[PDB]
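Only one chain comes next, encoded as structure tokens, the form solved without the named molecule.
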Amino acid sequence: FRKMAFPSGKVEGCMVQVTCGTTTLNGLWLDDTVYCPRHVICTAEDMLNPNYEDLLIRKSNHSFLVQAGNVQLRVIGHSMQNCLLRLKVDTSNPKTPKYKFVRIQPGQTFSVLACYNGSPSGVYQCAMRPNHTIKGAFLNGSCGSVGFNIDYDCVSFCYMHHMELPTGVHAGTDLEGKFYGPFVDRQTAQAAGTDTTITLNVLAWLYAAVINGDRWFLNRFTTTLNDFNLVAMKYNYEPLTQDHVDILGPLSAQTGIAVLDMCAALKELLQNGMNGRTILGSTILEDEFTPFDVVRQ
């Protein structure tokens, strides 16, 4: 089970790769400026406690290699803007669209173009969590990928990938290099409260299993929002409200299974083990996919 692999869109031609030292991450090539996370200029040791103003001082134009497929873009200038590294190149991207930069909020759905080894691997739909992190396996290894919205003729860039947290959740900035949430580009222990499981998604994913063969976890038990939330608080699941039950409306209608009886299925799935059994070819309960991602059957 995956999110839908949307076509790379207009942004495909904006994606480049930047190399400093022995690190390579994705960049965004608009006009004659390349943007990428500033932590590219860091070695592993630097990342522990970096003075970015001092480290850039020990760098020049030649420290960077900008790669557009098998084409090189000569670096003619470098500067720093917050957590973004800015690179002046000697030609402008002929495919630069009509674009604006903007800061968004959690809840807002935007499109992220993925990359495997710096190679645009289709666009993905997503939104930032209330804690400003992103859940999305498609971003694993895909450092430097940008988020955007295509509104009419305009491309509104709102996000750039910086950090993967050990909890499998992703931190980033807007296109001014300002981090969403309290996160920083210097690897420390900053994953507190970032690994509490989203309940709405698990249920939605369990519904995705029902109308797809897997049914073994369905039970003849009853639970209230109250008695479930006590179980939810025990196993570090987000408290389930009425809004979330209202979201799962059409999903419960298609399956015929009641929402609270689906929670009773989840309760026993959490209180018991999973015996090495499988739900949608998975041994772990997934919370990566929103109910809207299940509106894709």
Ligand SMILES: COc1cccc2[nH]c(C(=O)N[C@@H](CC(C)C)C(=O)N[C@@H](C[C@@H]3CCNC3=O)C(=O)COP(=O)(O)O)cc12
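Note that residue numbering begins at 1 and tracks the sequence as displayed.
Q: Which of the two stretches, 202-210 or 93-101, shows the higher mean Cα temperature factor in the record?
A: That would be 202-210.
Q: Tell me which stretch, 178-186 or 214-222, has the higher mean Cα B-factor listed in the entry.
A: It is 214-222.
Q: Just to confirm, going by the entry's C-alpha B-factors, which of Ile41, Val34, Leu48, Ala264 comes out highest?
A: Highest C-alpha B-factor among the listed residues goes to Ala264.
Q: Which third of the chain holds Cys14 when residues are ordered by C-alpha B factor: lowest, middle or highest?
A: Middle third, going by the recorded CA B-factors of the chain.
Q: Among the chain's modelled residues, which third holds the C-alpha B-factor of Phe228?
A: Ranked within chain, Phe228 CA B lands in the highest tercile.
Q: By the record's CA B-factor, is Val66 among the lowest, middle or highest third of residues in the chain?
A: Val66: CA B-factor falls in the lowest third of its chain.
Q: What third of the chain does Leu28 rank in for C-alpha temperature factor, lowest, middle or highest?
A: For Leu28, the deposited C-alpha B-factor lands in the lowest third.
The same protein also has a form deposited with the named molecule bound, omitted here; what follows describes it.
Q: Report open or blocked for the site once the named molecule, placed as found in the deposited bound form, has been superimposed by the C-alphas surrounding the pocket (blocked: 3 or more ligand atoms within 2.4 Å of a backbone or C-beta atom; open: none).
A: After superposition, the named molecule runs into the main chain and C-betas, so blocked.
Q: Ok, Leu175, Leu73, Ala208, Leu139: which has a heavy atom sitting within 4.5 Å of the named molecule in the deposited bound form?
A: Contact check passes for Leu139.
Q: Tell me, which of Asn201, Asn149, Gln187, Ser121 has a heavy atom within 4.5 angstroms of the named molecule in the deposited bound form?
A: Comparing distances to the named molecule in the deposited bound form, the residue within 4.5 Å is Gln187.
Q: Please identify, from 103-111, 223-231, 163-171, 85-93, the stretch that has a heavy atom within 4.5 Å of the named molecule in the deposited bound form.
A: The contacting stretch here is 163-171.
Q: At 4.5 Å between heavy atoms, is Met128 in contact with the named molecule in the deposited bound form?
A: No, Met128 sits far enough from the named molecule in the deposited bound form that none of its heavy atoms falls within 4.5 Å.
Q: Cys143 versus the named molecule, in the deposited bound form: is there a non-hydrogen atom within 4.5 Å?
A: So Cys143 counts as contacting the named molecule.
Q: For the stretch 1-31, I need every residue with any heavy atom inside 4.5 Å of the named molecule in the deposited bound form, listed N to C.
A: Only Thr24 sits within 4.5 Å of the partner.
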